[PDB]
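Text of my_file.txt, listed as compact mmCIF, C-alpha atoms and all ligand atoms:
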```txt
# COMPACT_ATOMS: atom_id res chain seq x y z
CA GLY X 6 133.52 94.76 106.32
CA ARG X 7 131.10 96.38 106.98
CA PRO X 8 128.98 93.94 104.68
CA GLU X 9 126.21 96.52 104.10
CA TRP X 10 128.70 98.98 102.38
CA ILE X 11 127.64 97.81 98.85
CA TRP X 12 124.03 99.02 99.49
CA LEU X 13 125.21 102.27 101.12
CA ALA X 14 127.35 102.80 97.99
CA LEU X 15 124.39 101.99 95.65
CA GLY X 16 122.11 104.28 97.65
CA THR X 17 124.67 107.11 97.50
CA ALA X 18 125.02 106.78 93.69
CA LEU X 19 121.24 106.57 93.20
CA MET X 20 120.50 109.58 95.44
CA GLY X 21 123.35 111.61 93.79
CA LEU X 22 122.07 110.81 90.31
CA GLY X 23 118.39 111.69 91.25
CA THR X 24 119.57 115.02 92.80
CA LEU X 25 121.65 115.88 89.76
CA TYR X 26 118.82 115.04 87.32
CA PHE X 27 116.18 117.00 89.33
CA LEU X 28 118.56 119.98 89.59
CA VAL X 29 119.26 120.01 85.80
CA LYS X 30 115.54 119.86 85.00
CA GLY X 31 114.60 122.29 87.83
CA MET X 32 117.03 124.92 86.58
CA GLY X 33 115.44 125.01 83.11
CA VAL X 34 111.86 125.57 84.26
CA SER X 35 110.24 129.07 84.14
CA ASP X 36 106.85 128.42 85.75
CA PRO X 37 107.00 129.84 89.34
CA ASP X 38 104.68 127.13 90.67
CA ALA X 39 106.67 124.33 89.01
CA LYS X 40 109.81 125.81 90.61
CA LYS X 41 108.57 125.39 94.28
CA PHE X 42 107.93 121.69 93.60
CA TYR X 43 111.43 121.31 92.01
CA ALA X 44 113.16 123.03 94.93
CA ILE X 45 111.40 120.97 97.62
CA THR X 46 111.78 117.71 95.63
CA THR X 47 115.50 118.21 94.71
CA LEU X 48 116.27 118.80 98.46
CA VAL X 49 114.91 115.29 99.30
CA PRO X 50 117.54 113.14 97.46
CA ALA X 51 120.24 115.71 98.29
CA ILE X 52 119.75 115.26 102.09
CA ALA X 53 119.47 111.47 101.57
CA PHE X 54 122.78 111.56 99.50
CA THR X 55 124.55 113.37 102.38
CA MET X 56 123.39 110.84 104.97
CA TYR X 57 124.11 107.82 102.73
CA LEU X 58 127.68 109.10 102.03
CA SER X 59 128.25 109.66 105.74
CA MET X 60 127.11 106.11 106.56
CA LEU X 61 129.24 104.64 103.69
CA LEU X 62 132.37 106.41 105.11
CA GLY X 63 131.43 105.02 108.54
CA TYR X 64 129.63 107.92 110.27
CA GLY X 65 126.22 107.84 111.99
CA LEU X 66 126.68 104.32 113.39
CA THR X 67 126.57 103.67 117.17
CA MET X 68 126.51 100.44 119.19
CA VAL X 69 123.45 99.93 121.40
CA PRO X 70 123.37 97.09 123.97
CA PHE X 71 120.05 95.16 124.24
CA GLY X 72 119.18 91.44 124.22
CA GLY X 73 122.66 90.65 125.72
CA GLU X 74 124.51 91.77 122.57
CA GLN X 75 126.12 94.94 121.30
CA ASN X 76 124.01 95.97 118.24
CA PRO X 77 125.02 98.22 115.35
CA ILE X 78 122.43 101.01 115.01
CA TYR X 79 122.67 103.46 112.03
CA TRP X 80 121.23 106.59 113.61
CA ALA X 81 122.04 108.90 110.65
CA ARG X 82 118.91 107.45 108.86
CA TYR X 83 116.79 109.46 111.32
CA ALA X 84 118.70 112.80 110.65
CA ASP X 85 117.86 112.16 106.98
CA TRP X 86 114.19 111.19 107.58
CA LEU X 87 113.68 114.03 110.06
CA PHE X 88 114.03 116.48 107.13
CA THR X 89 113.11 114.42 104.04
CA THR X 90 109.80 113.07 105.35
CA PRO X 91 108.16 116.47 106.00
CA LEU X 92 109.49 117.75 102.66
CA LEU X 93 107.69 114.87 100.82
CA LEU X 94 104.55 115.61 102.90
CA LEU X 95 104.89 119.30 101.85
CA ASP X 96 104.88 118.27 98.15
CA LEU X 97 101.64 116.41 98.67
CA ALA X 98 100.11 119.29 100.70
CA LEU X 99 101.02 121.96 98.06
CA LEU X 100 99.46 119.78 95.35
CA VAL X 101 95.98 119.77 97.12
CA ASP X 102 96.36 123.19 98.94
CA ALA X 103 96.08 121.65 102.31
CA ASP X 104 95.64 124.43 104.81
CA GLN X 105 98.14 125.66 107.31
CA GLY X 106 96.86 123.76 110.38
CA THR X 107 96.73 120.40 108.53
CA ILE X 108 100.36 120.95 107.32
CA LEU X 109 101.40 121.83 110.89
CA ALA X 110 99.62 118.70 112.32
CA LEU X 111 101.26 116.42 109.73
CA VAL X 112 104.78 117.89 110.13
CA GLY X 113 104.29 117.69 113.90
CA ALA X 114 103.08 114.04 113.78
CA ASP X 115 106.00 113.38 111.37
CA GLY X 116 108.49 114.71 114.01
CA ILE X 117 106.96 112.50 116.71
CA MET X 118 107.19 109.53 114.27
CA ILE X 119 110.87 110.11 113.44
CA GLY X 120 111.80 111.18 116.97
CA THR X 121 110.11 108.30 118.83
CA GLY X 122 111.60 105.97 116.14
CA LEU X 123 115.08 107.25 117.04
CA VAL X 124 114.51 106.95 120.82
CA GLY X 125 113.36 103.30 120.20
CA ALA X 126 116.49 102.61 118.09
CA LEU X 127 118.68 103.73 121.04
CA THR X 128 116.75 102.22 123.98
CA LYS X 129 118.72 99.66 126.01
CA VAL X 130 115.73 97.84 127.57
CA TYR X 131 114.69 95.42 124.74
CA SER X 132 111.02 95.62 125.64
CA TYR X 133 110.72 99.50 125.73
CA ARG X 134 112.28 99.65 122.20
CA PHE X 135 108.92 98.28 120.97
CA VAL X 136 106.85 100.75 123.09
CA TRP X 137 108.62 103.57 121.14
CA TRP X 138 108.17 101.73 117.85
CA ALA X 139 104.38 101.53 118.62
CA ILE X 140 104.09 105.29 119.32
CA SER X 141 106.09 105.96 116.12
CA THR X 142 103.79 103.71 113.99
CA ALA X 143 100.64 105.25 115.51
CA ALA X 144 101.99 108.75 114.51
CA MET X 145 102.62 107.26 110.99
CA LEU X 146 99.05 105.92 110.81
CA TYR X 147 97.62 109.39 111.70
CA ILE X 148 99.64 110.71 108.68
CA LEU X 149 98.45 107.95 106.26
CA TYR X 150 94.86 108.54 107.47
CA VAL X 151 95.04 112.29 106.67
CA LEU X 152 96.74 111.59 103.28
CA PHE X 153 94.11 109.00 102.35
CA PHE X 154 90.92 110.55 103.64
CA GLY X 155 91.76 114.26 104.06
CA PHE X 156 94.01 115.13 101.11
CA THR X 157 92.08 112.91 98.64
CA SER X 158 88.97 114.96 99.41
CA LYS X 159 90.93 118.23 98.89
CA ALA X 160 92.40 116.87 95.60
CA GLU X 161 88.89 116.10 94.25
CA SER X 162 88.25 119.88 94.08
CA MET X 163 91.30 120.25 91.80
CA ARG X 164 91.42 119.59 88.03
CA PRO X 165 91.46 115.84 87.22
CA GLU X 166 95.13 115.87 86.12
CA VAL X 167 96.10 117.17 89.62
CA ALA X 168 93.78 114.68 91.46
CA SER X 169 95.16 111.84 89.25
CA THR X 170 98.76 112.71 90.05
CA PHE X 171 97.83 113.08 93.75
CA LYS X 172 96.25 109.57 93.79
CA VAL X 173 99.36 107.95 92.30
CA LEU X 174 101.67 109.71 94.79
CA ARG X 175 99.31 109.02 97.71
CA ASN X 176 99.36 105.27 96.77
CA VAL X 177 103.10 105.07 96.38
CA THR X 178 103.41 106.82 99.80
CA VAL X 179 100.90 104.55 101.64
CA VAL X 180 102.54 101.42 100.18
CA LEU X 181 106.19 102.51 100.78
CA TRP X 182 105.77 104.16 104.28
CA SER X 183 103.81 101.11 105.52
CA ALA X 184 106.78 98.87 104.95
CA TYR X 185 109.25 100.94 107.11
CA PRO X 186 107.89 99.93 110.51
CA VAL X 187 107.91 96.24 109.37
CA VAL X 188 111.56 96.40 108.31
CA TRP X 189 112.46 98.06 111.63
CA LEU X 190 110.45 95.39 113.59
CA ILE X 191 112.13 92.37 111.97
CA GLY X 192 115.51 93.91 111.37
CA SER X 193 118.56 94.69 113.49
CA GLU X 194 116.67 97.46 115.42
CA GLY X 195 113.96 95.10 116.69
CA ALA X 196 113.59 91.33 116.57
CA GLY X 197 116.99 90.77 114.84
CA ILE X 198 115.64 88.23 112.34
CA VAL X 199 116.76 90.04 109.16
CA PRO X 200 120.51 90.79 109.42
CA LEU X 201 121.88 94.26 108.87
CA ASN X 202 123.08 93.73 105.23
CA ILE X 203 119.64 92.59 103.99
CA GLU X 204 117.93 95.34 106.09
CA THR X 205 120.15 98.04 104.51
CA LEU X 206 119.26 96.67 101.05
CA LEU X 207 115.57 96.96 102.01
CA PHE X 208 115.78 100.54 103.41
CA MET X 209 117.81 101.50 100.29
CA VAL X 210 115.10 100.10 97.95
CA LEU X 211 112.42 101.89 100.04
CA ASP X 212 114.38 105.25 100.21
CA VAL X 213 115.23 105.40 96.48
CA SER X 214 111.56 104.52 95.67
CA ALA X 215 110.01 106.94 98.25
CA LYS X 216 112.32 109.84 97.18
CA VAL X 217 113.59 109.41 93.56
CA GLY X 218 110.62 107.29 92.36
CA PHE X 219 108.21 109.76 93.99
CA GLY X 220 110.20 112.71 92.47
CA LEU X 221 110.09 111.24 88.93
CA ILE X 222 106.29 110.82 89.07
CA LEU X 223 105.69 114.38 90.48
CA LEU X 224 108.26 116.22 88.40
CA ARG X 225 107.30 114.58 85.04
CA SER X 226 103.69 115.51 85.49
CA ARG X 227 101.62 118.43 84.17
CA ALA X 228 100.08 118.95 87.70
CA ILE X 229 102.95 121.16 89.05
CA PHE X 230 102.41 123.63 86.11
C1 LIG A 301 142.22 105.10 109.07
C2 LIG A 301 141.71 104.57 107.76
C3 LIG A 301 140.19 104.81 107.61
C4 LIG A 301 139.61 104.97 106.19
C5 LIG A 301 140.75 104.92 105.15
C6 LIG A 301 138.43 103.98 105.90
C7 LIG A 301 137.19 104.23 106.80
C8 LIG A 301 135.95 103.86 106.00
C9 LIG A 301 136.52 103.14 104.77
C10 LIG A 301 135.63 102.87 103.51
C11 LIG A 301 134.27 102.22 103.85
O1 LIG A 301 134.41 101.15 104.77
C12 LIG A 301 133.50 101.69 102.63
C13 LIG A 301 134.33 100.99 101.53
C14 LIG A 301 134.52 99.50 101.90
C15 LIG A 301 135.32 98.69 100.87
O2 LIG A 301 135.55 97.39 101.41
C16 LIG A 301 136.64 99.39 100.49
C17 LIG A 301 136.41 100.87 100.12
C18 LIG A 301 135.62 101.73 101.15
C19 LIG A 301 135.25 103.02 100.40
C20 LIG A 301 136.42 102.02 102.46
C21 LIG A 301 137.84 102.56 102.20
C22 LIG A 301 138.62 102.99 103.45
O3 LIG A 301 139.15 101.79 104.01
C23 LIG A 301 137.84 103.85 104.46
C24 LIG A 301 137.60 105.23 103.82
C1 LIG A 302 112.92 109.05 102.42
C2 LIG A 302 112.38 108.35 103.53
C3 LIG A 302 111.10 108.05 103.76
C4 LIG A 302 109.90 108.43 102.93
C5 LIG A 302 111.01 107.36 105.05
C6 LIG A 302 109.88 107.18 105.68
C7 LIG A 302 110.07 106.55 106.96
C8 LIG A 302 109.10 106.12 107.75
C9 LIG A 302 107.68 106.23 107.36
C10 LIG A 302 109.58 105.48 109.00
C11 LIG A 302 108.75 105.04 109.92
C12 LIG A 302 109.13 104.35 111.18
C13 LIG A 302 108.09 103.83 111.88
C14 LIG A 302 106.68 104.06 111.46
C15 LIG A 302 108.19 103.06 113.18
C16 LIG A 302 109.62 102.74 113.58
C17 LIG A 302 110.65 103.76 113.14
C18 LIG A 302 110.58 104.20 111.67
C19 LIG A 302 111.24 105.59 111.77
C20 LIG A 302 111.35 103.22 110.78
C1 LIG A 303 136.72 95.56 96.90
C2 LIG A 303 136.70 97.06 97.16
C3 LIG A 303 135.82 97.79 96.15
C4 LIG A 303 135.92 99.30 96.30
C5 LIG A 303 134.90 100.09 95.44
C6 LIG A 303 134.63 101.42 96.15
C7 LIG A 303 133.73 102.38 95.40
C8 LIG A 303 132.39 102.58 96.10
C9 LIG A 303 131.81 103.99 95.94
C10 LIG A 303 131.35 104.34 94.52
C11 LIG A 303 129.82 104.41 94.33
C12 LIG A 303 129.38 104.02 92.92
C13 LIG A 303 129.71 102.55 92.60
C14 LIG A 303 128.52 101.58 92.61
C15 LIG A 303 128.68 100.51 93.69
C16 LIG A 303 129.63 99.37 93.34
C1 LIG A 304 86.09 110.16 112.22
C2 LIG A 304 86.11 108.70 112.68
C3 LIG A 304 87.44 108.31 113.34
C4 LIG A 304 87.99 106.99 112.81
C5 LIG A 304 89.39 106.67 113.36
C6 LIG A 304 90.22 105.65 112.56
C7 LIG A 304 91.56 105.42 113.27
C8 LIG A 304 92.47 104.25 112.79
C9 LIG A 304 93.18 104.47 111.44
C10 LIG A 304 94.53 103.74 111.32
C11 LIG A 304 94.90 103.36 109.88
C12 LIG A 304 94.63 104.37 108.78
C13 LIG A 304 95.34 103.96 107.48
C14 LIG A 304 94.90 104.81 106.30
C15 LIG A 304 94.66 104.03 105.03
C16 LIG A 304 95.78 104.25 104.08
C1 LIG A 305 123.63 121.00 95.28
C2 LIG A 305 122.18 120.63 95.57
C3 LIG A 305 121.25 121.84 95.42
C4 LIG A 305 119.78 121.46 95.60
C5 LIG A 305 118.94 122.53 96.29
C6 LIG A 305 118.04 123.35 95.38
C7 LIG A 305 116.76 123.78 96.09
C8 LIG A 305 116.97 124.76 97.26
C9 LIG A 305 116.35 126.13 96.97
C10 LIG A 305 116.34 127.09 98.17
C11 LIG A 305 115.36 128.25 97.96
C12 LIG A 305 115.63 129.14 96.75
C1 LIG A 306 93.97 117.83 114.69
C2 LIG A 306 94.53 116.66 115.44
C3 LIG A 306 95.95 116.98 115.90
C4 LIG A 306 96.73 115.70 116.18
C5 LIG A 306 98.20 115.98 116.48
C6 LIG A 306 99.15 114.82 116.15
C7 LIG A 306 98.60 113.47 116.62
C8 LIG A 306 99.72 112.45 116.85
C9 LIG A 306 99.16 111.02 116.97
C10 LIG A 306 99.35 110.42 118.35
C11 LIG A 306 100.78 109.96 118.57
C12 LIG A 306 100.92 109.22 119.90
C1 LIG A 307 117.71 97.58 93.24
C2 LIG A 307 118.71 96.57 93.78
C3 LIG A 307 118.47 95.17 93.21
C4 LIG A 307 117.97 94.14 94.23
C5 LIG A 307 119.01 93.06 94.57
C6 LIG A 307 118.45 91.63 94.55
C7 LIG A 307 118.58 90.89 95.88
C8 LIG A 307 119.65 89.78 95.90
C9 LIG A 307 120.85 90.07 96.80
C10 LIG A 307 120.84 89.19 98.05
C11 LIG A 307 121.49 89.84 99.27
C12 LIG A 307 123.00 89.85 99.22
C1 LIG A 308 124.66 117.87 94.05
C2 LIG A 308 125.18 117.23 95.32
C3 LIG A 308 125.14 118.17 96.55
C4 LIG A 308 125.57 117.54 97.90
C5 LIG A 308 126.98 117.90 98.44
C6 LIG A 308 127.10 117.99 99.97
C7 LIG A 308 128.33 117.31 100.55
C8 LIG A 308 128.43 117.54 102.07
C9 LIG A 308 128.95 116.30 102.83
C10 LIG A 308 129.02 116.48 104.35
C1 LIG A 309 96.36 102.94 116.79
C2 LIG A 309 96.63 104.02 115.75
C3 LIG A 309 96.04 105.39 116.14
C4 LIG A 309 96.03 106.35 114.95
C5 LIG A 309 95.12 107.56 115.14
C6 LIG A 309 94.47 108.02 113.83
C7 LIG A 309 93.26 108.91 114.11
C8 LIG A 309 92.76 109.60 112.85
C9 LIG A 309 92.22 111.02 113.12
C10 LIG A 309 90.70 111.08 113.05
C1 LIG A 310 98.74 103.96 88.17
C2 LIG A 310 99.38 103.28 89.37
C3 LIG A 310 98.60 103.55 90.67
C4 LIG A 310 98.89 102.51 91.73
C5 LIG A 310 100.35 102.55 92.20
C6 LIG A 310 100.55 101.52 93.32
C7 LIG A 310 101.93 100.91 93.29
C8 LIG A 310 102.73 101.08 94.57
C9 LIG A 310 104.25 101.13 94.32
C10 LIG A 310 105.04 100.02 94.98
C1 LIG A 311 110.01 90.59 104.19
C2 LIG A 311 111.44 90.39 103.72
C3 LIG A 311 112.12 89.25 104.47
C4 LIG A 311 113.37 88.75 103.76
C5 LIG A 311 114.57 88.53 104.70
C6 LIG A 311 114.52 87.21 105.48
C7 LIG A 311 115.74 86.34 105.22
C8 LIG A 311 116.75 86.39 106.36
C9 LIG A 311 118.02 85.63 105.97
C10 LIG A 311 118.47 84.68 107.08
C1 LIG A 312 107.51 102.46 92.64
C2 LIG A 312 108.61 103.10 91.84
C3 LIG A 312 108.05 104.20 90.95
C4 LIG A 312 108.87 104.36 89.67
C5 LIG A 312 108.66 105.72 89.01
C6 LIG A 312 109.15 105.77 87.57
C7 LIG A 312 108.02 106.01 86.55
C8 LIG A 312 107.98 107.45 86.04
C9 LIG A 312 107.10 107.58 84.79
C10 LIG A 312 105.80 108.31 85.05
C1 LIG A 313 99.26 120.43 116.31
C2 LIG A 313 98.72 121.63 115.55
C3 LIG A 313 97.27 121.44 115.09
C4 LIG A 313 96.67 122.65 114.34
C5 LIG A 313 95.13 122.62 114.27
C6 LIG A 313 94.50 122.11 112.96
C7 LIG A 313 94.22 120.60 112.90
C8 LIG A 313 93.49 120.21 111.60
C9 LIG A 313 93.61 118.75 111.19
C1 LIG A 314 104.70 110.51 124.59
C2 LIG A 314 104.39 109.61 125.79
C3 LIG A 314 105.64 109.08 126.50
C4 LIG A 314 105.51 107.61 126.93
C5 LIG A 314 106.80 107.12 127.58
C6 LIG A 314 106.75 105.65 128.01
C7 LIG A 314 108.17 105.05 128.03
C8 LIG A 314 108.31 103.78 128.87
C9 LIG A 314 109.65 103.74 129.57
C1 LIG A 315 110.04 95.76 100.42
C2 LIG A 315 108.74 96.41 99.94
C3 LIG A 315 108.39 96.18 98.46
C4 LIG A 315 108.93 97.26 97.50
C5 LIG A 315 107.95 97.59 96.37
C6 LIG A 315 108.47 98.73 95.49
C7 LIG A 315 109.56 98.32 94.49
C8 LIG A 315 109.69 99.33 93.37
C1 LIG A 316 121.93 110.59 80.19
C2 LIG A 316 120.51 110.06 79.95
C3 LIG A 316 119.40 110.93 80.59
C4 LIG A 316 118.48 111.62 79.56
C5 LIG A 316 117.95 113.01 79.96
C6 LIG A 316 117.86 113.99 78.79
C7 LIG A 316 119.22 114.38 78.29
```

Using structure tokens, write down the structure from this file.
Ligand SMILES: CCC[C@@H](C)[C@H]1CC[C@H]2[C@@H]3[C@H](O)C[C@@H]4C[C@H](O)CC[C@]4(C)[C@H]3C[C@H](O)[C@]12C
Ligand SMILES: *C/C=C(C)/C=C/C=C(C)/C=C/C1=C(C)CCCC1(C)C
Ligand SMILES: CCCCCCCCCCCCCCCC
Ligand SMILES: CCCCCCCCCCCCCCCC
Ligand SMILES: CCCCCCCCCCCC
Ligand SMILES: CCCCCCCCCCCC
Ligand SMILES: CCCCCCCCCCCC
Ligand SMILES: CCCCCCCCCC
Ligand SMILES: CCCCCCCCCC
Ligand SMILES: CCCCCCCCCC
Ligand SMILES: CCCCCCCCCC
Ligand SMILES: CCCCCCCCCC
Ligand SMILES: CCCCCCCCC
Ligand SMILES: CCCCCCCCC
Ligand SMILES: CCCCCCCC
Ligand SMILES: CCCCCCC
Amino acid sequence: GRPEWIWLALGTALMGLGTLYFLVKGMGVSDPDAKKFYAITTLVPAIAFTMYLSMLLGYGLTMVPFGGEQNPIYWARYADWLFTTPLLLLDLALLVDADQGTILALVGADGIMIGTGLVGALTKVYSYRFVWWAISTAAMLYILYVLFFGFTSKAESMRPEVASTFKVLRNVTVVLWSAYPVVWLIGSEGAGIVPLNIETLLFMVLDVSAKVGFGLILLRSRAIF
């Protein structure tokens, strides 16, 4: 009680460890370009650590009635994603020098995605929950589209080591971000098929992979120097 605590505790430890490791390596780096990438990327598990710790200690949970039951909704996920998702997008954009208006579009779409996601999580009419989910996923697909088609083109003008690293991070991102709306759909926020403990496990595996896994690939590469 609550049964999902073990995965909130594992997530906290894993985010804290990733932050600490990225900070130790970031601090010993001279290259001014490498340093931007370390600052942005160390912020990502640090924000996630804060939100995971809060949720562990029983903050950022509300009860939302829908489907004739009172449903536990962890809303602090969205305060995390609100800030961590555009920071990961920024990493990808700095790697390919996306231009200003593309970055603005993506961050903007990203806000709509996280914001409509949150509205959907808190909606009391069961059926409109899924309307919001659909707008959120469409915003997500706009992002994946730009990452796949737009950024890949931009990265092809870079040296092969940069384009290579971009491709790996682009793939990781497409595969991991894809899964989020499915988890939400089948989990405690949507259909209610996957109970909250398994769902928390899944979001934890996705978050650690999308933040720390992502960070380890980017930060160990030659492409940020
Ligand atoms: C007024 C008292 C409130 C306060 C002492 C309550 C509120 C939230 C509670 C923690 C979390 O549930 C997560 C863990 C669950 C495990 O089962 C036992 C340990 C664990 C860290 C808890 C300990 C403790 O019980 C806390 C801090
Ligand atoms: C560190 C966290 C990451 C990279 C999280 C990414 C989260 C998403 C891509 C979430 C997307 C969602 C939808 C596309 C629809 C329903 C609501 C969300 C927020 C789960
Ligand atoms: C039966 C009660 C067990 C209490 C253990 C509480 C510690 C949880 C926070 C520490 C995070 C790192 C430990 C890895 C998860 C077990
Ligand atoms: C310029 C022609 C417009 C074509 C519009 C395509 C819109 C639908 C895309 C939704 C899915 C994109 C996923 C990206 C692959 C990772
Ligand atoms: C304690 C966690 C610190 C991680 C943040 C480091 C990156 C922020 C740099 C801000 C601009 C110089
Ligand atoms: C250059 C095109 C700008 C597009 C702005 C964001 C699009 C969001 C997707 C639709 C969500 C309902
Ligand atoms: C990275 C965490 C390891 C994955 C855990 C395996 C799943 C079995 C647990 C079943 C739910 C209680
Ligand atoms: C290196 C870890 C930095 C994160 C500490 C922030 C704690 C604030 C909790 C509200
Ligand atoms: C149904 C999903 C709509 C996503 C829009 C993506 C358009 C790509 C810009 C050309
Ligand atoms: C070299 C590896 C490129 C493909 C990575 C795809 C794996 C997705 C992570 C789950
Ligand atoms: C796609 C992952 C689905 C796994 C969870 C379903 C099992 C629910 C336990 C009753
Ligand atoms: C999908 C999880 C990615 C794991 C990253 C760890 C590998 C770093 C060596 C390049
Ligand atoms: C919502 C701001 C859009 C800025 C214009 C540039 C779009 C390029 C993809
Ligand atoms: C961004 C468009 C808003 C659509 C709102 C529809 C909600 C149904 C109650
Ligand atoms: C639940 C989606 C599958 C996770 C694949 C990544 C594991 C490292
Ligand atoms: C404590 C194991 C991590 C190795 C990093 C280099 C010291």

Original post:
Skipping near chain neighbours, those fewer than 5 positions away, what residues fall within 8 Å of residue 144 (chain X) using all atoms listed in the file, listed as a ChimeraX atom specification?
Top reply: /X:114-115,117-118

**OP:** For atom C9 of ligand LIG 305 (chain A) and CA of residue 45 (chain X), quote the distance in Å rounded to one decimal.
**Re:**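 Separating atom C9 of ligand LIG 305 (chain A) from CA of residue 45 (chain X) is a distance of 7.2 Å.
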
Subject >> Residue contacts of residue 170 (chain X) (8 Å, only C-alpha atoms) excluding same-chain residues fewer than 2 positions away, as a ChimeraX atom specification >> reply: /X:166-168,172-174,222-223,226,228

**OP:** Select all residues near (121.3, 114.6, 88.2) (cut-off 12 Å, inclusive, file coordinates), counting only C-alpha atoms, and output them as a ChimeraX atom specification.
**Re:** /X:18-32,47,50-51,54,217,221

Original post:
Once you count all atoms listed in the file, which residues end up within 9 Å of ligand LIG 311 (chain A), and could you hand them over as JSON, numbers by chain?
Top reply: {"X": [184, 187, 188, 191, 192, 198, 199, 200, 203, 204, 207]}

Near ligand LIG 310 (chain A), 10 Å: chain X residue rows, closest pairs, all atoms listed in the file, as JSON lines:
```
{"residue": "X:169", "atom": "CA", "partner": "A:LIG310", "partner_atom": "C1", "distance": 8.7}
{"residue": "X:170", "atom": "CA", "partner": "A:LIG310", "partner_atom": "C1", "distance": 8.9}
{"residue": "X:172", "atom": "CA", "partner": "A:LIG310", "partner_atom": "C3", "distance": 7.2}
{"residue": "X:173", "atom": "CA", "partner": "A:LIG310", "partner_atom": "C3", "distance": 4.8}
{"residue": "X:174", "atom": "CA", "partner": "A:LIG310", "partner_atom": "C5", "distance": 7.7}
{"residue": "X:175", "atom": "CA", "partner": "A:LIG310", "partner_atom": "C5", "distance": 8.6}
{"residue": "X:176", "atom": "CA", "partner": "A:LIG310", "partner_atom": "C6", "distance": 5.2}
{"residue": "X:177", "atom": "CA", "partner": "A:LIG310", "partner_atom": "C8", "distance": 4.4}
{"residue": "X:178", "atom": "CA", "partner": "A:LIG310", "partner_atom": "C8", "distance": 7.8}
{"residue": "X:179", "atom": "CA", "partner": "A:LIG310", "partner_atom": "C8", "distance": 8.1}
{"residue": "X:180", "atom": "CA", "partner": "A:LIG310", "partner_atom": "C8", "distance": 5.6}
{"residue": "X:181", "atom": "CA", "partner": "A:LIG310", "partner_atom": "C10", "distance": 6.4}
{"residue": "X:211", "atom": "CA", "partner": "A:LIG310", "partner_atom": "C10", "distance": 9.1}
{"residue": "X:214", "atom": "CA", "partner": "A:LIG310", "partner_atom": "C10", "distance": 8.0}
{"residue": "X:215", "atom": "CA", "partner": "A:LIG310", "partner_atom": "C9", "distance": 9.1}
{"residue": "X:218", "atom": "CA", "partner": "A:LIG310", "partner_atom": "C9", "distance": 9.1}
{"residue": "X:219", "atom": "CA", "partner": "A:LIG310", "partner_atom": "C9", "distance": 9.5}
```

**OP:** Residues within 7 Å of ligand LIG 301 (chain A), counting all atoms listed in the file: report them as a PyMOL selection string.
**Re:** chain X and resi 6-7+10+61-63

Export C-alpha atoms of the chosen residues as a PDB file, in the frame of the given file?
```pdb
ATOM      1  CA  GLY X   6     133.520  94.760 106.320  1.00  0.00           C
ATOM      2  CA  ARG X   7     131.100  96.380 106.980  1.00  0.00           C
ATOM      3  CA  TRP X  10     128.700  98.980 102.380  1.00  0.00           C
ATOM      4  CA  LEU X  61     129.240 104.640 103.690  1.00  0.00           C
ATOM      5  CA  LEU X  62     132.370 106.410 105.110  1.00  0.00           C
ATOM      6  CA  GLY X  63     131.430 105.020 108.540  1.00  0.00           C
TER       7      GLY X  63
END
```

Original post:
What gap, in Å, lies between CA of residue 123 (chain X) and atom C9 of ligand LIG 304 (chain A)?
Top reply: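 Between CA of residue 123 (chain X) and atom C9 of ligand LIG 304 (chain A) the gap is 22.8 Å.
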
Original post:
Using only C-alpha atoms, which residue out of X:110, X:136, X:126, X:210 lies closest to residue 152 (chain X)?
Top reply: X:110

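Rounded to one decimal, CA of residue 130 (chain X) and atom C4 of ligand LIG 314 (chain A) lie 14.2 Å from each other.
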
Original post:
Which is closer to ligand LIG 309 (chain A) than all the others in X:147, X:80, X:57, X:42, using only C-alpha atoms and all ligand atoms?
Top reply: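 Checking each candidate against ligand LIG 309 (chain A), we get X:147 as the closest.
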
Original post:
Residues within 7 Å of ligand LIG 303 (chain A) (only C-alpha atoms and all ligand atoms), as number ranges by chain?
Top reply: X: 11, 14-15, 17-18

Neighbourhood of ligand LIG 306 (chain A) at 10 Å, counting only C-alpha atoms and all ligand atoms, reported as a compact mmCIF listing (two decimals) with C-alpha atoms, in the frame of the given file:
```
# COMPACT_ATOMS: atom_id res chain seq x y z
CA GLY X 106 96.86 123.76 110.38
CA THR X 107 96.73 120.40 108.53
CA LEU X 109 101.40 121.83 110.89
CA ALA X 110 99.62 118.70 112.32
CA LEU X 111 101.26 116.42 109.73
CA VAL X 112 104.78 117.89 110.13
CA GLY X 113 104.29 117.69 113.90
CA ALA X 114 103.08 114.04 113.78
CA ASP X 115 106.00 113.38 111.37
CA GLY X 116 108.49 114.71 114.01
CA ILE X 117 106.96 112.50 116.71
CA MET X 118 107.19 109.53 114.27
CA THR X 121 110.11 108.30 118.83
CA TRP X 137 108.62 103.57 121.14
CA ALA X 139 104.38 101.53 118.62
CA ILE X 140 104.09 105.29 119.32
CA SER X 141 106.09 105.96 116.12
CA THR X 142 103.79 103.71 113.99
CA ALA X 143 100.64 105.25 115.51
CA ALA X 144 101.99 108.75 114.51
CA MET X 145 102.62 107.26 110.99
CA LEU X 146 99.05 105.92 110.81
CA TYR X 147 97.62 109.39 111.70
CA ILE X 148 99.64 110.71 108.68
CA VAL X 151 95.04 112.29 106.67
```

Original post:
Which of these residues is nearest to ligand LIG 304 (chain A), using all atoms listed in the file: X:149, X:224, X:78, X:34?
Top reply: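 Once distances to ligand LIG 304 (chain A) are computed over all atoms listed in the file, the minimum belongs to X:149.
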
Taking all atoms of ligand LIG 304 (chain A) that the file lists, what box with edges along x, y and z, padded by 3 Å per side, do you get, with centre and edge lengths in Å to one decimal, as JSON?
```
{"center_x": 90.9, "center_y": 106.8, "center_z": 108.7, "size_x": 15.7, "size_y": 12.8, "size_z": 15.3}
```
